[PDB]
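As a plain string of letters, each chain reads:
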Amino acid sequence: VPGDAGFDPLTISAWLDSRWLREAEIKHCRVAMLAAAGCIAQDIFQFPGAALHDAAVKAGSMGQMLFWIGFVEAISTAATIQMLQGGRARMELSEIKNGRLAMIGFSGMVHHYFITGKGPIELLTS
Amino acid sequence: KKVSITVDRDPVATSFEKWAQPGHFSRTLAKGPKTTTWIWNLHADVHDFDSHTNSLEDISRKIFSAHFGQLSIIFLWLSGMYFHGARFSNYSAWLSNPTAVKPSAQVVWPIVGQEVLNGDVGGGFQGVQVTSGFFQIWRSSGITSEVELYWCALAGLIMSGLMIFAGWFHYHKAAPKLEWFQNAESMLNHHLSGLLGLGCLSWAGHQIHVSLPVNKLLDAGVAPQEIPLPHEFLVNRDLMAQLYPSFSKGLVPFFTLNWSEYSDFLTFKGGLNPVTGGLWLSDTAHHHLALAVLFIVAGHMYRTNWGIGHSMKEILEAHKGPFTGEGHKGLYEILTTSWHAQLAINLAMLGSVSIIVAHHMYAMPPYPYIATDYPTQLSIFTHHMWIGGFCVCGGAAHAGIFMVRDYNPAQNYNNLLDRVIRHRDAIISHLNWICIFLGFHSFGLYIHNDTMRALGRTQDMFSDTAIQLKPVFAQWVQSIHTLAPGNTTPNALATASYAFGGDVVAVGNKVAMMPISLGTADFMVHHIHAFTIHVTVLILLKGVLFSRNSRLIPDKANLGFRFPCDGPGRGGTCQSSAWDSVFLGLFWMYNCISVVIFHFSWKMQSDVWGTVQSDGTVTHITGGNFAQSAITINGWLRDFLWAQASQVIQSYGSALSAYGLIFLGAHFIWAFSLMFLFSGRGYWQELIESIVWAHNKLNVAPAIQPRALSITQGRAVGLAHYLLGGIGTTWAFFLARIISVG
Amino acid sequence: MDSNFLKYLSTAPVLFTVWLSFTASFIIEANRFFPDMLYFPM
Amino acid sequence: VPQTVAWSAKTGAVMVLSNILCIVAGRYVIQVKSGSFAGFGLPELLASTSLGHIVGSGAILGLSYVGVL
Amino acid sequence: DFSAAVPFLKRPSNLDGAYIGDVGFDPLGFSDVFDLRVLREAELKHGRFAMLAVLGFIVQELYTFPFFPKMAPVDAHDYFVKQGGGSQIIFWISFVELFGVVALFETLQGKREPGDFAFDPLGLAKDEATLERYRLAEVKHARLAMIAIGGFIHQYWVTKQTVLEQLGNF
Ligand code: CLA
Ligand code: CLA
Ligand code: CLA
Ligand code: CLA
Ligand code: CLA
Ligand code: KC2
Ligand SMILES: CC1=C(C#C/C(C)=C/C=C/C(C)=C/C=C/C=C(C)/C=C/C=C(\C)C#CC2=C(C)C[C@@H](O)CC2(C)C)C(C)(C)C[C@H](O)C1
Ligand SMILES: CC1=C(C/C=C(\C)CCC[C@H](C)CCC[C@H](C)CCCC(C)C)C(=O)c2ccccc2C1=O
């Protein structure tokens with residue numbers, strides 16, 4: 001229901017379950033918002049002692065993170081299967097709109113790094 | 001969405017009560033034994049589900065869970081093969097010297113002197129030499145250590161536990177409904193796309209990322225413990241681009257359709273790898289990728305839930321012409337309501353595929369160092385020929401069970417089955433004539449040659465040095481296949497197989513493969529093959545076509561698929577059932593497959609296998625005697641059976657003495673079978689009467705009254721011990737011979 | 001223990017397989033500790 | 001080895017042509033389903049464009065093989 | 001209905017509070033497929049072994065009997081395996097486990113609680129209320145200890161330091 005603009009040219013809603021689609025969109029929105037905030041913040045400041053994916057995997061940070069995220073996702077998969085079997089509203093609309101916005105902005109930031117090898121905020125400053 | 005998942009929850013209660021009640025599954029057997037026949041009848045009919053239950057739903061549920069039980073057994077078997085390779089094998093020593101060490105993964109305990117079976121297989125190891133070709137599989141996979149073999153064994157155990165759990169769950173907790181099983185379009189889409197297509201694609205991915213780098217390093221000569229672990233190829237893309245520089249470009253050439261970038265590791269070489277004598281693994285990787293692509297494409301043909309696709313019923317009903325009446329109408333209903341019809345088709349195809357596997361794996365050796373391991377080549381050819389022959393005869397067994405039981409004339413009016421049954425005399429008389437013509441002009445050539453050679457007339461023989469029967473069509477096909485590289489397969493570099501012609505491939509001075517020339521002896525034994533196959537088809541087809549009725553017995557379907565006779569009248573109707581044509585056709589399958597494996601063994605020893613001495617000359621195991629000695633029966637008796645049984649009969653006191661004992665034991669079991677085959681039930685019941693009298697005299701008669709075996713069971717026991725003895729005698733003869741000399 | 005599982009273990013094939021495996025097994029053990037007894041030692 | 005080419009707008013042209021060709025063919029030959037505005041849905045579009053990528057991949061590779069590119 | 005422990009997940013339907021320590025946490029759903037009595041006995045047995053083991057690891061570093069040579073506890077296993085002392089411990093554990101099989105049958109019949117071996121030598125549990133507190137506590141200590149076991153066995157593998165020394169160090 002939140003984030004409804006009646007936008008379905010390809011009419012995907014009819015041929016796939018709405019609960020899975022909306023849950024998938026909200027999960028993508030959350031991941032994107034976190035990633036875009038992380039990309040700007042990380043340029044602002046560095047965590048102590050710490051393309052970046054490669055350094056991280058060599059460091060081993062990604063592998064431990066993958067195990068803990070995977071555990072949350074495995075517990076979550078039971079929940080998503082259960083859903084498939086069977087002013088707060090304004091906050092939901094803000095959550096979906098900001099997430100969609102990040103899903104566009106973050107994609108831009110990563111592709112910007114391909115072209116210029118720069119972080120998004122520094123690129124503008126330089 | 002008429003293709004949907006539908007399940008009954010908690011259908012059957014997981015109880016031990018019926019375990020304690022043998023025979024619970026049928027109304028006849030559930031009331032307990034009164035004669036010993038009950039015991040045999042219990043085992044004979046137990047997996048005959050459609051004989052216990054009327055409903056297709058319960059039958060389908062039983063079949064699905066029993067297939068999970070079979071998978072659990074196969075996974076346990078594979079896990080044990082990996083564990084015995086990991087723990088009780090010389091695999092690590094064999095990796096260093098594949099041409100010197102003999103594979104061995106079975107060690108015996110010392111009890112009654114049986115530790116003589118732990119022969120010196122090489123690599124500081126003692127054990128029973130194994131011929132299943134697992135070592136070459138593991139080297140092709142890129143295993144390189146016993147630790148990875150322990151992890152494969154654990155993966156097999158986990159899969160075995162999951163399959164036995166799935167069989168229990170899907171019979172006792174969540175059993176699908178009949179409408180789930182009757183989804184032939186969905187099942188074919190998933191089994192082409194999902195099972196076969198993603199099976200090939202995932203294996204191609206493993207070959208590319210693990211098998212290719214590890215085996216390139218092995219064939220370069222790097223020691224196995226010096227080779228990087230398989231995941232360092234996955235991560236360090238630079239290390240992979242060292243061996244295969246195309247990896248420097250990643251997956252952009254795949255997606256942009258610039259596929260000729262990948263020619264480093266996706267080749268079309270053909271021929272064999274000179275170092276290992278096996279197929280180029282870059283070719284197998286490209287082969288599995290291409291097979292994956294068109295299995296995933298083929299699994300999109302049939303219609304499931306969105307309007308795109310074919311209806312298999314419409315395809316079948318549309319193919320009808322002027323000779324064949326209503327055509328394929330009603331075949332969809334047959335194949336979606338009868339499990340026996342499906343099993344008849346799938347068993348005939350699986351048996352044919354196993355026979356093709358036997359030919360293709362000796363001629364185009366796929367694994368590294370399997371071509372010069374002659375015990376493995378002979379073992380896997382012989383093994384897959386026997387699996388093929390058995391499965392083909394079970395295809396005709398279940399075609400007969402369908403015709404007797406699941407066939408309904410009302411739903412099969414004027415279609416292809418109705419018309420076959422309505423001219424079965426023309427089919428069986430023409431097949432009968434062909435089998436007579438083809439036995440006279442194939443085996444009669446052998447008898448003509450025995451007579452001429454015995455009479456001193458060698459100019460009157462069918463031979464290369466006399467009247468010649470050359471296989472010109474087979475020779476011409478061999479010519480075309482040697483001319484194909486650069487001509488009709490222009491981008492291939494070598495021939496598909498050196499059996500067609502070309503070079504001699506030698507690995508460790510032993511021939512991997514070399515051209516298999518065809519002469520008069522090859523013409524004769526190929527027509528022997530066509531004769532034995534045509535006769536086996538005659539017996540099995542006559543059983544299927546006359547399963548319901550004959551001119552002899554007009555109501556054979558009321559007696560069933562398996563009945564012994566319909567009395568001594570009409571002159572005698574012994575062995576008139578469809579079961580008795582499967583019984584008689586398994587003898588002729590045995591005859592056919594025995595001649596095929598003898599032809600392979602003698603021809604490969606005489607004309608292919610052996611050692612390459614200096615100057616490129618090849619010394620074969622039996623020195624090229626096939627050409628001038630496989631044209632007479634005396635030649636097969638003397639130069640093949642008599643000459644090559646030397647190793648089994650001289651094996652006593654060595655590590656091959658087990659084969660000498662099994663040679664004799666199988667001769668025994670084979671002869672013992674003739675007691676059941678040449679005899680009749682009435683004699684044995686009258687003998688049992690006097691034995692019962694002696695028990696009554698001592699007051700020790702049993703309450704389960706002893707009976708002679710049924711007529712059908714006397715036939716089944718005779719056939720089982722006949723096949724066990726004959727195959728066992730050949731198994732021992734083949735293995736001791738080729739282990740000693742090859 | 002379940003009485004129906006024990007009634008299953010009392011069936012003829014289970015008892016036959018267990019009894020002849022136990023029998024074969026003490027023949028094997030007796031020939032491990034006391035091998036090559038061609039004669040009763042006397 | 002058959003000669004393939006790095007992706008250019010010509011490769012794109014072939015792909016686009018094949019996809020559109022199959023979209024129109026699918027409007028004509030798909031037996032179970034405003035020439036393109038009647039009964040046109042996602043499975044029809046996804047099937048005609050899947051056949052477009054199969055026909056287009058074959059056409060691109062063949063035209064690269066013979067020299068048309 | 002929803003599980004108390006995790007709000008988004010649903011209450012399993014076999015976890016109705018029948019057994020102490022139930023918070024509704026069963027995402028995989030094994031409780032539905034299998035008898036819960038077996039699982040509760042297994043949970044107590046695994047936990048009791050783990051609780052003893054974590055104490056044993058710590059104590060062995062703190063104090064060791066003089067006759068046996070002092071060794072790292074993780075690697076002590078191998079020395080006892082060859083010595084025969086480890087075999088003696090297994091044999092006695094197996095002997096008690098044999099009686100445990102009979103007790104498992106008693107549980108299935110309904111004559112026994114899942115983890116009740118009637119062990120009250122010191123009579124710590126005076127009344128039902130203190131026993132209830134203890135059984136919930138035992139469940140929590142068992143669960144936490146199962147996590148804690150392998151907590152520093154795995155740490156030992158990454159860093160060759162005694163857990164007590166490791167705790168102080170770095
Ligand atoms: C599935 C195929 C398979 C096959 C054919 C074999 C065959 C063999 N294995 Mg291997 N093994 C396998 C899988 C397999 N194994 C797997 C999966 C593992 C991993 C766990 C192993 C691990 C393994 C080890 C570790 C060893 C063997 C050994 C052996 C050998 C002797 C076994 C023996 O006599 O013990 C007999 C043992 C008994 C306890 C006798 C039991 C007899 C009972 C009565 C059989 C009854 C079945 C029962 C009645 C079924 C009904 C149940 C009931 C409820 C009614 C023999 C070559 C030994 C070897 O090679 O030593 C050099 C050895 O030490 N195996
Ligand atoms: C992609 C879907 C898919 C796949 C892979 C299979 C696979 C199989 N089916 Mg089929 N099946 C499917 C869909 C599928 N089915 C559908 C949709 C239906 C309903 C119409 C059926 C109905 C059906 C029946 C009625 C029967 C089968 C049977 C079988 C087995 C055939 C014997 C064989 O080759 O197993 C050996 C080959 C293997 C590869 C063993 C694999 C074991 C697992 C189950 C395969 C899949 C694992 C997983 C997806 C892979 C994860 C990859 C991950 C590591 C990345 C095989 C496991 C028969 C059987 O044996 O039942 C048990 C049988 O009787 N299936
Ligand atoms: C998609 C999200 C994402 C990903 C994959 C990464 C991944 C990484 N970051 Mg970036 N980062 C992120 C978000 C992300 N970060 C955010 C949101 C911030 C702002 C706080 C930062 C700020 C940041 C800095 C300043 C630095 C990194 C660094 C790193 C690397 C080392 C791991 C680390 O210390 O991260 C730690 C990141 C965090 C603690 C932020 C976590 C914030 C979210 C909310 C965590 C939620 C966890 C929670 C328990 C899950 C809830 C589940 C749900 C059911 C409710 C690694 C490549 C370091 C590096 O190697 O760069 C050189 C480094 O110096 N990141
Ligand atoms: C009683 C049945 C039986 C037994 C005991 C064996 C035993 C053996 N087989 Mg054989 N096999 C059988 C039936 C049997 N086979 C049948 C019916 C077929 C025809 C499909 C084959 C085809 C076959 C092949 C192609 C190969 C073996 C190999 C082997 C050996 C290694 C086993 C292994 O790990 O497989 C390992 C198998 C592989 C690594 C590759 C298998 C690739 C095939 C194409 C997989 C197909 C699976 C698919 C679901 C089947 C579809 C059938 C089709 C009609 C639809 C061993 C001697 C292997 C061998 O000779 O090694 C020296 C080998 O390469 N078997
Ligand atoms: C996928 C394969 C497959 C499947 C599922 C079936 C399934 C079935 N068949 Mg078919 N069949 C098959 C293959 C198959 N068969 C093949 C390959 C042949 C050719 C031989 C036949 C020939 C055949 C006939 C002729 C008949 C069946 C019958 C049956 C049904 C009853 C099974 C039963 O209760 O036997 C119970 C199982 C046994 C009694 C096992 C004993 C069999 C042998 C003698 C033991 C094996 C010896 C062993 C391997 C080696 C011993 C080692 C030694 C040294 C000690 C059942 C529907 C019967 C029926 O009436 O169907 C309606 C029937 O009459 N089948
Ligand atoms: C494909 C994913 C992608 C997304 C979704 C995306 C979204 C946004 C948004 C959305 C909120 C803004 C406001 C934004 C801003 C700019 N982008 Mg970015 N952008 C993406 C990728 C690329 C590429 C491939 C290029 C590029 C460019 C520019 C330039 C001009 C600079 C110039 O013309 O040189 C500006 C102002 C170029 C470049 O990176 O130059 C450094 C160029 O080639 N972007 N971009
Ligand atoms: C029942 C019965 C009786 C009895 C009895 C007995 C023998 C009772 C014994 C009970 C015991 C031993 C309980 C121990 C629980 C241990 C836990 C919960 C683990 C905590 C560790 C944590 C949280 C950690 C950690 C960490 C990790 C992993 C690694 C480190 O780097 C870091 C860190 C240290 C933080 C008696 C006979 C008295 C009578 C009575 O009538 C009935
Ligand atoms: C010997 C013989 C018998 C009698 C055979 C009997 C009674 C079988 C003897 C079995 C005894 C009772 C047990 C011995 C079984 C073996 C030790 C191993 C059997 C292995 C499987 C049975 C499990 C017939 O009934 C018969 C009927 C029709 C044609 C030919 C014959 C025939 O030749």
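Residues numbered from 1 in each chain as written, not as in the entry; some residues may be left out. Chains lettered and ligands numbered in written order. Part of a larger assembly, values for the part shown. Heavy atoms only, no water.

- By the naming in the PDB entry, chain D is Photosystem I reaction center subunit PsaK, taken from Rhodomonas salina.
- What the PDB entry is called, per its title line, is "The structure of PSI-11CAC at the stationary growth phase".
- Database annotation for chain D, UniProt heading Sequence similarities (unreviewed entry): "Belongs to the PsaG/PsaK family." (UniProt positions renumbered as here; feature names shortened; annotations may be inferred.)

- Per UniProt, chain B has the following entry under Catalytic activity (unreviewed entry): "reduced [plastocyanin] + hnu + oxidized [2Fe-2S]-[ferredoxin] = oxidized [plastocyanin] + reduced [2Fe-2S]-[ferredoxin]".
- Taken verbatim from the UniProt record of chain B, the Sequence similarities (unreviewed entry) comment is "Belongs to the PsaA/PsaB family."

### Considering the overall build of chain D
Next, step 1: Of the regular secondary structure elements, chain D holds 2 helices and 0 strands.
Next, step 2: Computed over the C-alpha atoms, the radius of gyration of chain D is 14 Å, more than 25% above the 11 Å expected from 2.2 N^0.38 for a compact globule of 69 residues.
Next, step 3: The dimensions of chain D, computed from C-alpha atoms along their principal axes, are 45 × 20 × 15 Å.
Next, step 4: Taking all 69 residues of chain D together, the buried fraction comes to 30%.
Next, step 5: Total accessible area on chain D stands at roughly 4300 Å², and carbon and sulfur atoms take up 73% of it. (Helix = DSSP H or I, 4+ residues; strand = E, 2+ residues; numbered from the N terminus. Rg over C-alpha atoms; globule rule 2.2 N^0.38 Å. Buried < 20%, exposed > 50% of the residue type's maximum accessible area, 1.4 Å probe, protein only. Areas by Shrake-Rupley, 256 points an atom, 1.4 Å probe, with all protein chains shown as cover.)

### Examining the coordination of the magnesium atom of ligand 3
Next, step 1: Among protein atoms, the single one acting as a donor to the magnesium atom of ligand 3 is A:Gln42 (OE1), 2.7 Å away.
Next, step 2: Among the structural elements, A:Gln42 can be located in helix α2 (residues 18-44). (Donors = N, O, S within 2.8 Å, 3.2 Å for Na, K, Ca; no water.)

### Describing the interface of chain A and chain E
Next, step 1: Between chain A and chain E, the contact holds 5 residues from the first and 5 residues from the second.
Next, step 2: Across the interface of chain A and chain E, roughly 480 Å² is buried in total on both sides, 77% from carbon and sulfur atoms.
Next, step 3: When residues of chain A are sorted by the area they lose upon contact with chain E, A:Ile75, A:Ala78 and A:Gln82 head the list and together hold 69% of the total.
Next, step 4: On inspection of chain A and its partner chain E, the count reaches 1 residue pair in polar contact.
Next, step 5: Its residues placed into classes, the side of chain A that touches chain E shows 4 nonpolar, 1 polar and no charged. (Contact = heavy atoms within 4.5 Å. Buried area = accessible area lost by both parts, 1.4 Å probe. Polar contact = N/O pair within 3.5 Å; in protein donor to acceptor, adjacent residues only side chain to side chain. Nonpolar A, V, L, I, M, F, W, Y, C, P; charged D, E, K, R; others polar.)

### Comments concerning the site of ligand 8
All names here are of chain B.
Next, step 1: Surrounding ligand 8, one finds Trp40, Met675, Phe676, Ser679, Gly680, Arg681, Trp684, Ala708 and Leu709.
Next, step 2: Between an oxygen atom of ligand 8 and a main-chain N or O atom of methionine 675, the distance comes to 3.0 Å.
Next, step 3: One of the backbone nitrogen or oxygen atoms of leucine 709 is found 2.8 Å away from an oxygen atom of ligand 8.
Next, step 4: Protein coverage of the free-state accessible area of ligand 8, which is 780 Å², stands at 48%.
Next, step 5: Secondary structure elements with two or more residues in the shell around ligand 8: α26 (657-677) and α27 (681-697).
Next, step 6: The residue makeup of the shell around ligand 8, split by class, is 6 nonpolar, 2 polar and 1 charged. (Near = heavy atom within 4 Å.)

### Things to note about unusual backbone geometry
Next, step 1: We note that B:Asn509 has phi near 65°; this positive angle belongs to a residue other than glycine.
Next, step 2: Take B:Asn509: it is sitting in the loop between β6 (505-507) and β7 (510-513).
Next, step 3: Although it is not a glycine, E:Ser13 sits at a positive phi angle of roughly 95°.
Next, step 4: Looking at where E:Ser13 falls in the secondary structure, it is placed in the segment before α1 (30-33).
Next, step 5: Assessed through its relative accessible area of 44%, E:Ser13 is described here as partly exposed.

### Let's talk about the interface of chain B and chain D
Next, step 1: Taken together, the contact between chain B and chain D spans 11 residues of the former and 16 residues of the latter.
Next, step 2: The contact between chain B and chain D buries some 1100 Å² in all, and 68% of this surface belongs to carbon and sulfur atoms.
Next, step 3: Seen at the junction of chain B and chain D, the total is 0 salt bridges.
Next, step 4: Across the chain B-chain D interface, the total number found is 2 residue pairs in polar contact.
Next, step 5: In terms of residue class, the side of chain B that touches chain D is made up of 5 nonpolar, 5 polar and 1 charged. (Salt bridge = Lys/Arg side-chain N within 4 Å of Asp/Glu carboxyl O.)

### What to know about the coordination of the magnesium atom of ligand 1
Next, step 1: Looking at the magnesium atom of ligand 1, one finds just one donor atom contributed by the protein, B:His84 (NE2), at 2.2 Å.
Next, step 2: Secondary-structure assignment places B:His84 in helix α2 (residues 56-87).

### Things to note about the environment of B:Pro245
All names here are of chain B.
Next, step 1: Within the element layout of this structure, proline 245 appears in the loop between α9 (237-243) and α10 (252-255).
Next, step 2: Look at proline 245 and you get partly exposed, because its relative accessible area is 46%.
Next, step 3: Between the C-alpha atoms of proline 245 and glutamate 261, which are 16 residues apart in sequence, the distance is 9.6 Å.

### Topic: the site of ligand 5
All names here are of chain B.
Next, step 1: Contacts to ligand 5 come from 21 residues, most closely from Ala44, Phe390, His398, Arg562 and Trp579.
Next, step 2: Within the side chain of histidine 398, one N or O atom sits 3.1 Å away from a nitrogen atom of ligand 5.
Next, step 3: Going through the elements one at a time, α1 (37-44), α14 (339-363), α15 (374-406), α22 (579-607) and α28 (711-741) are the ones with two or more residues in the shell around ligand 5.
Next, step 4: Partitioned by chemical class, the residues of the shell around ligand 5 number 13 nonpolar, 4 polar and 4 charged.

### Comments concerning the environment of D:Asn19
Residues and elements named next belong to chain D.
Next, step 1: With respect to the element layout, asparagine 19 can be found in helix α1 (residues 9-29).
Next, step 2: When the C-alpha atoms of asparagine 19 and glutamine 31 are compared, they prove to be 19 Å apart, with 12 residues separating the residues in sequence.
Next, step 3: At a separation of 2.9 Å, a polar atom in the side chain of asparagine 19 contacts the main-chain carbonyl oxygen of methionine 15.

### Regarding the sheet that holds strand β3 (residues 119-120) of chain B
Strand pairing within a sheet occurs via backbone hydrogen bonds; the two strands may be parallel or antiparallel.
Residue and element names in this part refer to chain B.
Next, step 1: Here we have 3 strands laid out as an open sheet, ordered β2-β4-β3, and antiparallel in their pairing. Each having just a single partner strand, β2 (104-106) and β3 make up the two edges of the open sheet.
Next, step 2: The sheet contact formed by β3 and strand β4 (residues 126-129) spans 2 bridges and is antiparallel. The residue bridging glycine 119 from the neighbouring strand is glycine 127, located in β4. (Pairing = 2+ DSSP bridges.)

### Focus on the pattern of salt bridges
All names here are of chain B.
Next, step 1: The final tally for this structure, using the stated rule, is 36 salt bridges over all chains.
Next, step 2: A salt bridge links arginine 638 to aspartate 639; the nearest nitrogen and oxygen atoms lie 3.0 Å apart.
Next, step 3: Within this structure, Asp8, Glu57, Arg61 and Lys177 form a network of salt bridges that share partners.

### Let's talk about the packing of aromatic side chains
Next, step 1: The final tally for this structure, using the stated rule, is 68 aromatic pairs over all chains.
Next, step 2: With a centroid separation of 5.7 Å and an interplanar angle of 70°, the aromatic rings of B:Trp94 and B:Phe135 are classed as edge-to-face. Linking B:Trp94 in helix α3 (residues 91-96) with B:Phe135 in helix α4 (residues 134-141), this pair joins segments that are 41 residues apart in sequence.
Next, step 3: Taken together, the ring pairs in this structure connect B:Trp386, B:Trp579, B:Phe583, B:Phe587, B:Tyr590, B:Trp670 and B:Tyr722 into an aromatic cluster.
Next, step 4: Directly above the aromatic system of B:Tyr374 lies the positively charged group of B:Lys510, at a separation of 4.0 Å from the ring centroid.
Next, step 5: Above the face of the E:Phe2 ring, E:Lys10 is positioned so that its terminal group lies 4.2 Å from the ring centre. (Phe/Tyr/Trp six-rings, centres within 6.5 Å; stacked < 30°, edge-to-face > 60°. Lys NZ or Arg CZ within 6 Å of the ring centre and 35° of its normal.)

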